[PDB]
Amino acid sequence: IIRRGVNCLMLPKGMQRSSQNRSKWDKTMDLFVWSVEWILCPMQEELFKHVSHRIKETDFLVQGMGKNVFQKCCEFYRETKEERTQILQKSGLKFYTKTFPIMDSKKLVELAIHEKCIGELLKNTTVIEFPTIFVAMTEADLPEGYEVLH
């Protein structure tokens, strides 16, 4: 099913992921909101995953992170949304979602988080239920099996 441009693959409901999707159209706010799966890749020589809910389609990507998730970036690397949002922008963290031609993928595309809102970053893509979004200082750190396309 296709919400707000985004092409969304829907798993059978029994599936854990299906129950971890809360992406919906939100009446009062008058827009679409988005669960994303954050996967933080720290600096190797162990992952931290977190799923945020009700992120506003009209928000830059850093804007809809989440305290805990920031905190956790702040420990893998180096406090109101205002600042948090501001400290990740001058940060050097690259952000990769994954890319598709039902089937999982290990092909990633880096995305230009500061030059677009989530809704635009997602418009003509595919997600499995809802975006997964990898975070790392370098590619080396992304999980093994995962390969980025430039």
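For every residue, the number given is its place in the sequence shown, counted from 1.
Student: Residues with no coordinates between residue 92 and residue 93 in the deposited sequence, how many: none, 1 to 3, 4 to 9, or 10 or more?
Tutor: The entry has no gap there; residue 92 and residue 93 are joined directly.
Student: Our gap detector needs a label for residue 78 to residue 79. Which class matches the unmodelled residues of the deposited sequence there: none, 1 to 3, 4 to 9, or 10 or more?
Tutor: In the record, 10 or more residues between residue 78 and residue 79 lack coordinates.
Student: Would you mind comparing 15-23 and 133-141 for me and telling me which has the higher average C-alpha temperature factor in the entry?
Tutor: Mean B over CA atoms: larger for 133-141.
Student: Going by the B-factors listed in the PDB entry, is the mean over the C-alpha atoms higher for 80-88 or for 36-44?
Tutor: So the stretch with the higher mean C-alpha B-factor is 80-88.
Student: Comparing recorded Cα B-factors across 114, 98, 53, 49, which one is largest?
Tutor: Answer, based on the entry's C-alpha B-factors: 114.
Student: Is residue 64 in the lowest, middle or highest third of its chain when residues are ranked by C-alpha B-factor?
Tutor: According to the entry, residue 64 has a C-alpha B-factor in the chain's highest third.
Student: Per the entry's values, where does residue 30 land by CA temperature factor relative to the rest of its chain, in the lowest, middle or highest third?
Tutor: Within its chain, residue 30 is a highest-third residue by C-alpha B-factor, going by the deposited values.
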